[PDB]
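Here you get one chain, nothing else, as structure tokens; it is the form solved without chloramphenicol.
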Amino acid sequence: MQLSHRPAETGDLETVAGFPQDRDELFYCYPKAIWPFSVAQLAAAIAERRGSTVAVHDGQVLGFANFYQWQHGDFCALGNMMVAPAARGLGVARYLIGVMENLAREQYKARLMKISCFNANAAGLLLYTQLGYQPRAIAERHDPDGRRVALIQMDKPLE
């Protein structure tokens, strides 16, 4: 993969909104969203968040992420990490996490990145572990069926 990045643009939204393939996937990247996902929901997230970024390969938007918390001199918390179905497992999420870590260090002078991952998302837990994140706490949350799920709160020092 040769990947590049840029700020998300309006033109990208229909593409990104296409990424979650089912209710679970949507929940694991955007738990406040309601299925079906839509550009309006995505745009509403972008408006209340920062650092909405896309990753591009061979002319295709393949990844998206942003921050849902940002505290200058302190930390940022990664949100909305989404990858195109055809590009899963090819390093897009790793690439984007690295871009977002740089953004957190550079723009927000953060010392820490926080990532919170739902317990069912084994691939996410394993990837963030590979990238140097450690688990710090587990919180109870509820899924759309009202079932209890565990949110694994991980973090990583940035420099």
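All residue numbers are counted from 1 along the displayed sequence.
Engineer: Out of 2 to 10 and 150 to 158, which one has CA B-factors that are higher on average in the deposited record?
Structural biologist: Mean B over CA atoms: larger for 2 to 10.
Engineer: If you average the Cα B factors in the entry, which is higher, 22 to 30 or 118 to 126?
Structural biologist: It is 22 to 30 that shows the higher mean C-alpha B-factor.
Engineer: What third of the chain, by the recorded C-alpha B-factor, contains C76?
Structural biologist: Bottom third by C-alpha B-factor.
Engineer: Split the chain's modelled residues into thirds by Cα B-factor; is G51 in the lowest, middle or highest one?
Structural biologist: According to the entry, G51 has a C-alpha B-factor in the chain's lowest third.
Engineer: Select lowest, middle or highest to describe the third in which the CA B-factor of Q69 falls within its chain in this entry.
Structural biologist: Within its chain, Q69 is a middle-third residue by C-alpha B-factor, going by the deposited values.
Engineer: Looking at the entry's B-factor column for C-alpha atoms only, identify whether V83 ranks in the lowest, middle or highest third of its chain.
Structural biologist: Lowest third.
Engineer: Taking the C-alpha B-factors as the PDB entry records them, is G132 in the lowest, middle or highest third of its chain?
Structural biologist: It belongs to the middle third of the chain when residues are ordered by C-alpha B-factor.
As for the form deposited with chloramphenicol bound, it is not shown, yet the points below apply to it.
Engineer: Are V56, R105 and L112 jointly within 4.5 Å of chloramphenicol in the deposited complex, each by at least one heavy atom?
Structural biologist: Not a single residue of the candidate spot has a heavy atom within 4.5 Å of chloramphenicol in the deposited complex.
Engineer: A40 versus chloramphenicol, in the deposited complex: is there a non-hydrogen atom within 4.5 Å?
Structural biologist: Yes - in the deposited complex, heavy atoms of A40 and chloramphenicol come within 4.5 Å of each other.
Engineer: Within a 4.5 Å heavy atom cut-off, is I34 in contact with chloramphenicol in the deposited complex?
Structural biologist: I34: no contact with chloramphenicol in the deposited complex.
Engineer: Taking 4.5 angstroms as the cut-off for heavy atoms, does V99 touch chloramphenicol in the deposited complex?
Structural biologist: The answer is no: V99 has no heavy atom within 4.5 Å of chloramphenicol.
Engineer: I'd like to know whether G124 contacts chloramphenicol in the deposited complex, with contact meaning heavy atoms within 4.5 angstroms.
Structural biologist: Residue-level check for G124: yes, a contact with chloramphenicol.
Engineer: Taking only heavy atoms into account, state which residues of 80 to 114 are within 4.5 Å of chloramphenicol in the deposited complex, ordered by sequence.
Structural biologist: Heavy-atom contacts to chloramphenicol in the deposited complex: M81, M82, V83, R88, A93.
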